[PDB]
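These notes are about the structure you will find just below.
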Amino acid sequence: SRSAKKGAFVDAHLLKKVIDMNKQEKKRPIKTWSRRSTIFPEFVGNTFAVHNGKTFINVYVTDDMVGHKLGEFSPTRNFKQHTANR
Amino acid sequence: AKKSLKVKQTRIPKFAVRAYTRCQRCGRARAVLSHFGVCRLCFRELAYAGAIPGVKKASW
Amino acid sequence: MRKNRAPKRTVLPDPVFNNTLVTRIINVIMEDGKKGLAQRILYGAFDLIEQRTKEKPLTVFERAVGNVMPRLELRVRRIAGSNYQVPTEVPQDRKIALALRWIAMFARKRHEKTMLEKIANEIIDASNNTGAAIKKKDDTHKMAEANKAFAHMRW
Amino acid sequence: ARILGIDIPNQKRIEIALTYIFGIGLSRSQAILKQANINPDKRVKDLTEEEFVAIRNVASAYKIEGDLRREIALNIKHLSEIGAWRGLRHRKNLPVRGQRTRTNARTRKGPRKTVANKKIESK
RNA sequence: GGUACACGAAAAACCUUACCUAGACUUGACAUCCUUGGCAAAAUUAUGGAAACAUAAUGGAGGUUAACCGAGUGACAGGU
RNA sequence: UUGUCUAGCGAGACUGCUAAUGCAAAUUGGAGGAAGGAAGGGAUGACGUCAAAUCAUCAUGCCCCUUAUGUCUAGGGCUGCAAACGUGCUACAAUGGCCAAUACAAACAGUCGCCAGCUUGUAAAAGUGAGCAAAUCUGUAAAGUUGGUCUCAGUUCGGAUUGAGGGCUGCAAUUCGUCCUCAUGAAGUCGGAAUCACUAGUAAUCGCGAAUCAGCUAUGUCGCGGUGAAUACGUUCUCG
RNA sequence: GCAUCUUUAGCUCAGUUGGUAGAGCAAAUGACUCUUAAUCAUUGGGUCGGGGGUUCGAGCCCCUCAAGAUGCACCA
Ligand SMILES: *C(=O)[C@@H](N)CCCC[NH3+]
Ligand SMILES: [Mg+2]
Ligand SMILES: [Mg+2]
Ligand SMILES: [Mg+2]
Ligand SMILES: [Mg+2]
Ligand SMILES: [Mg+2]
Ligand SMILES: [Mg+2]
Ligand SMILES: [Mg+2]
Ligand SMILES: [Mg+2]
Ligand SMILES: [Mg+2]
Ligand SMILES: [Mg+2]
Ligand SMILES: [Mg+2]
Ligand SMILES: [Mg+2]
Ligand SMILES: [Mg+2]
Ligand SMILES: [Mg+2]
Ligand SMILES: [Mg+2]
Ligand SMILES: [Mg+2]
Ligand SMILES: [Mg+2]
Ligand SMILES: [Mg+2]
Ligand SMILES: [Mg+2]
Ligand SMILES: [Mg+2]
Ligand SMILES: [Mg+2]
Ligand SMILES: [Zn+2]
């Protein structure tokens, strides 16, 4: 879908923290509000706290989850059972 | 919450796609005529007074 | 509650066999508002009729349509329970019109192939008083004959 | 017929016969047809061995029809083994894209299982 | 109900938006009236930032305050 | 292809003439006439009813909040889903599917736009790039005609759903944009009780344009033209 | 007398045969309407009659009490 010339997309605020956080050995969960950032190869090995709307759900990225958007691996709404009307 | 939105619309946003068109007489956001900058229910009042030159009732 | 009788539009003499009635059946088989398509379909069936019956297509069409034309018409009239029917003599204009409508209706349901051959077979099958349109005419005639008693009371 | 485990109708033209294969549709069938130079409108029954080997070779060069089923299957497992919300939406037998689920989208939910609408005694 | 249900809405990704979760503000984002000066607001580049917003920069059209930029200031502004 | 066409003014149709019968309005027929008896359509909608709808277009009495029910921003939501109904689109097909050639519109719109031609690309589109502030330039008309093929099959019908690869807009397309290409090929073979619209360029149907709009499964809305029917015997029943 | 059963939110009753409780009304809260009724949602509310004992654990199994009701004798 997304054009070629444009490429991928990160907010570059997430990119800067990831570069800083990968150099630092004692990595901790990275609190990012950017559900819009696509997972870049360098992201591999870090863990993020994506804002589902209410809380920050923790996602551990792998060498496989690479390519999709960072908010795609977290939910936003919840539905598990209806209730008999009558 | 009307007055604050009107003022914000006049102010320039930080993104081009963030700019929308709101009626200039009232503050109605939807159903705004870009040809006149006037919403559908202010255009009726203005058209029925003769303020807009040439807008006459239609018989087709 | 109307007190006015509707006007009537011209029927037009046919453009080939000069038999008005051809234009009427063309309009009857009309679907999707295609005048062109309908003429082609119908005209092709007369050519198939030539290849098969070795006779004049207009004569065969009249012999089929004239034979299908009914005589009595049963009008529904409910009073308390069900409807007691009433046989009435249908006008000449409606006689041809009803005949054409039945011809088309049983033609678009035959087990045959392209509607050209479908419609061609129905008319040739109706020139010998043995078909699907004939049975419909037979049924209404017998129903009217059975309900001969209430013919005197109409409304 | 003779092309792999597929049995293309014998009384049907070759360009439609290729569509009958799972991995070959209609447009891609024409691509094989033009590339092999074999003229269409040639009933497969009235065809010779010389064409039956070339068509098989190009079909083998393309993606095997039997491997595509496992390819889609690995992909769904690939999508579900990641834990994606889209995978979850595909997981519970629901529209995977953005299709609405309020009053429509029954082609993925099978037959209707009618429940009991609320009781309105008036208010 | 007829006279609601491709209706308000002649365009909900952000904006719209009036809702929820959060991060920030208090004569306030906008206005007048009053004591009082104008030698700005913008925009943009930095750093921290989810962005609000802060700390630094070119200090800005102009016209001497016209409009606005403010201070002080309580009546109040504001409410989809 | 010389008098179309476009838009200013005017003429024209007035029961004006005649026949019938009525006191008189007036009804019917005929004449001539492009048009005959509200020539077709539109705007134009009495007092009032339903305490009908809108405090969320706007304005406003009264009540309520006033470091919060006011304000700014980021993310989510208005797009959910065991279900039911309403309005539409697409179909279940040879009055058709696909391919090739090809004829004939009206209206409207356009300088952050319409975009011709050319080059690349299986295509959406990209690059180059004139022309047009517009009766000048641009926005491919489709059904329709002819030819080839399918030969009645859940199919060369039907397109849903799903996977992958691309293009455009936009900071940004996962929640939640649409387009193209490839892959798959749900249901559905005329739809129960019961219901809706329509009296001629009307119903049915085929395209085209505009509004809001950066973009939008608007199949919606407002307009324009192409083809173009059937029926009305009558008020016994039915609704108002 | 005896043998048998019952005592469970404000009321009428299921609990299950051992991991510590709900159903229907009543009440309240909203929603809903000019406002009510009704309806609809939601909802707080328990010394499982009082003690003892078994069990890791008793509304649940066994005893004694307190209050009633049953079936068997107001000697065949
Ligand atoms: C009659 O019923 C007698 N057999 C019973 C006498 C009982 C005396 N305790
Ligand atoms: Mg307001
Ligand atoms: Mg959607
Ligand atoms: Mg109503
Ligand atoms: Mg929003
Ligand atoms: Mg100065
Ligand atoms: Mg001064
Ligand atoms: Mg108010
Ligand atoms: Mg009038
Ligand atoms: Mg009312
Ligand atoms: Mg938002
Ligand atoms: Mg909606
Ligand atoms: Mg429609
Ligand atoms: Mg054909
Ligand atoms: Mg010219
Ligand atoms: Mg089937
Ligand atoms: Mg199809
Ligand atoms: Mg998407
Ligand atoms: Mg069939
Ligand atoms: Mg009418
Ligand atoms: Mg249709
Ligand atoms: Mg109320
Ligand atoms: Zn307005």
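All residue numbers here begin at 1 and follow the chain in the order shown.
Positions of Cβ are set from backbone N, Cα and C atoms, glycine also.
Database features (Swiss-Prot):
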type    : residues                   : note
BINDING : B:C23, B:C26, B:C39, B:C42 : Zn(2+) binding site
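Using the Cβ center of B:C23, B:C26, B:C39, B:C42 for Zn(2+), the list of other same-chain residues with Cβ within 8 Å runs, in sequence order, B:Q24, B:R25, B:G27, B:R28, B:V32, B:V38, B:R40, B:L41, B:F43. According to DSSP, B:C39 (Zn(2+) binding site) is assigned to a strand segment.
Every protein chain shown contributes to the tally, and the Cβ of B:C42 (Zn(2+) binding site) ends up with 18 other Cβ atoms within 10 Å. Here B:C26 (Zn(2+) binding site) comes close to B:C39, B:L41, B:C42: these same-chain residues lie at least six apart in sequence, with C-beta atoms under 8 angstroms from its C-beta. Non-local neighbourhood of B:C23 (Zn(2+) binding site): B:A29, B:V32, B:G37, B:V38, B:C39, B:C42, each in the same chain, at least six residues away, with C-beta under 8 Å from its C-beta.
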